[PDB]
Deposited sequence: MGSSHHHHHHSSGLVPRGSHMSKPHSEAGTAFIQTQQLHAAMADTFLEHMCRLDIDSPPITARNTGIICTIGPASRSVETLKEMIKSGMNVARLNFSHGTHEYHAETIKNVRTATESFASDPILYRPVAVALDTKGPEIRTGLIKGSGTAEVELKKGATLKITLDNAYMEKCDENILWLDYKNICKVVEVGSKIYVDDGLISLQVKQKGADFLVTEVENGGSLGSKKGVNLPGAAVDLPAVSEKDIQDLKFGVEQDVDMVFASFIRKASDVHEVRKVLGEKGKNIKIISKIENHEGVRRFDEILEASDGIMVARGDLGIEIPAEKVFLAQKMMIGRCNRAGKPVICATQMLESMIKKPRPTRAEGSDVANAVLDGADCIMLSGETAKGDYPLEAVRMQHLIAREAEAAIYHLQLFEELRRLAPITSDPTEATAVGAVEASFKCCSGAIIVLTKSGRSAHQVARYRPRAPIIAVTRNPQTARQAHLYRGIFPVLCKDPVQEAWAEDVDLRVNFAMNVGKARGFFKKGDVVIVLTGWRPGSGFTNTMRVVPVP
């Protein structure tokens, strides 16, 4: 059970040899699940089923839609979320994330229609213009795109990709205009994304349009921002600046999607609250055979720094049209969890696909299977050897509680936290047991989904005047949540982390107590 026989192996190779398909996993699923909301999932009715299937974060993509449309999406999520608040013991917080548009390049309209398409045949000629006279009159001869300075960055012989890198063009002759030949062709539609691998796209990291959406998210009380195409640390500083004082508590997740962002990852990770490995654009900007290097590198460096990392894009792509995934997609999710990803994401599988609930359920089943097969003995040993010595009492308390949880096979680590930080410090050491973080801050409970293993619970009872009684109140609530979810039963042992006084920064007490 829980691959515990493989966990006691002395080598990683023998650990693999002991992986048993008949060793059922524990109940808790530690990996967070982010879901992109769109036409197939934005109804209050479907959203309620997204939550029951395991969605923790509803993602809103501001590459498309108006502020009024997204405001309605946010309302439906919160409506579906609060529809379960009648039972505070089974209530699951749900976070809202805003994915900025960023320096996107998009084509124009095919023959004045949003749905029209033309067939590009390989080897044929195709002209690219910036003259807005063709902005709505693109066809197989001429194509308009919205990057005015595309000629200052594209040398002759360059390659241009259109529509998620499916169409590829080679610039055969530069103009004032661009004369290209189609390498790989096919159906060319309207408003398609363009990638220029190996070109210094001078488009601003934070456009005037992005400024409005960021301030929109601050007004809407979003829990986090996914910032697209972050190339350097100063790009992160603009995002932090625009969010200003009122958006101080909004977590900033930098998306790495090009060569420069990979090269500058350290300065970007230092300034950010988290990372997203956005493999979609990344797979086009750099060779597709190198993406897995960038992913393992970014996940490991984030695990080392104790900052959240998200694995995103095309994880269960085939499930947009089919109710079951391919074998490659099953192993991709599992290996991302084995790599150490805090969260796994879904895009078109939930935004527009035909089986959005099956996708969420499949991600939940695989992640719980992958979490049991993790070789904890080596991971915990390596995280401690790579983590520096600390003078923070909470840090020493966190590593001691994780070590104690491996020793007594505890059902959970219960943590009282106001800002989340205490639970974050436990999570970075990757215990096997789920981390039940008890909080009264709703925003804290929603941002805890970015961390592996943190199962946030929001206590709704009023603050008791006697502080030692307020602590016991929240601890017993955690015991009720854990017993109701089947994390443990009466008589089991659990780790409880508390402070010596109210307020953030005083977590310093670890207790080993039986389940009431």
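**Q** Would you flag the ranges of the deposited sequence that the structure leaves without C-alpha positions?
**A** No coordinates exist for the deposited residues in 1-34, 211, so these stretches are absent from the model.
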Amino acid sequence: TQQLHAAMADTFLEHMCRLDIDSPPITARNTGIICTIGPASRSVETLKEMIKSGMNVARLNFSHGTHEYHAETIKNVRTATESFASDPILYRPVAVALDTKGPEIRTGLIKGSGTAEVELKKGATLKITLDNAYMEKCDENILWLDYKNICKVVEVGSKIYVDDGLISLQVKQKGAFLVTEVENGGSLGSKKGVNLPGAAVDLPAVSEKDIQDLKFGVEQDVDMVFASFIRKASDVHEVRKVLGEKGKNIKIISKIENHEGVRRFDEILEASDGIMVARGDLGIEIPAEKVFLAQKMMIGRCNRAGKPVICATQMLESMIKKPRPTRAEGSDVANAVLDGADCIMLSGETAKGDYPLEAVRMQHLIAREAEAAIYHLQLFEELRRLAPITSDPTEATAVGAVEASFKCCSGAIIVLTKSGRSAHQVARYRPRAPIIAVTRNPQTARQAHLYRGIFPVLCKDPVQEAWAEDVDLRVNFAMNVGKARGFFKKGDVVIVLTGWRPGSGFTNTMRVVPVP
From here on, numbers count along this sequence of modelled residues.
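**Q** Would you please confirm whether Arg430 lacks atomic coordinates in a third or more of the other entries that were compared?
**A** Across the other compared entries, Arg430 is absent from none.
**Q** In a third or more of the other entries compared, is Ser410 missing its coordinates?
**A** That residue is present in all of the other compared entries.
**Q** Please compare 145-153 with 409-417 and name the stretch with the higher mean C-alpha B-factor in the deposited structure.
**A** Averaging CA B-factors over each stretch, the winner is 145-153.
**Q** Between 136-144 and 371-379, which has the larger average Cα B-factor in the PDB entry?
**A** According to the entry, 136-144 carries the higher average C-alpha B-factor.
**Q** Kindly indicate the residue among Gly340, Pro388, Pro434, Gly283 with the greatest C-alpha B-factor in the PDB record.
**A** Top of the list by C-alpha B-factor: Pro388.
**Q** Can you pull the Cα B-factors for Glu289, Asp354, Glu403, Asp87 from the entry and say which is highest?
**A** Of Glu289, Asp354, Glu403, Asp87, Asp87 has the highest C-alpha B-factor.
**Q** How does the C-alpha B factor of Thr27 compare with the rest of the chain: lowest, middle or highest third?
**A** CA B-factor rank for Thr27: highest third.
**Q** Considering every modelled residue of the chain and its Cα B-factor in the PDB entry, is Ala6 in the lowest, middle or highest third?
**A** Its C-alpha B-factor, which the entry lists for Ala6, ranks in the highest third among residues of this chain.
**Q** Among all modelled residues of this chain, ranked by Cα B factor, put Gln464 in the bottom, middle or top third, i.e. lowest, middle or highest.
**A** Ranked within chain, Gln464 CA B lands in the highest tercile.
**Q** Mind checking which third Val515 falls in for C-alpha B-factor across the chain?
**A** CA B-factor rank for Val515: highest third.
**Q** Splitting the chain's C-alpha B-factors into thirds, which one does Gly186 fall into?
**A** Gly186: CA B-factor falls in the highest third of its chain.
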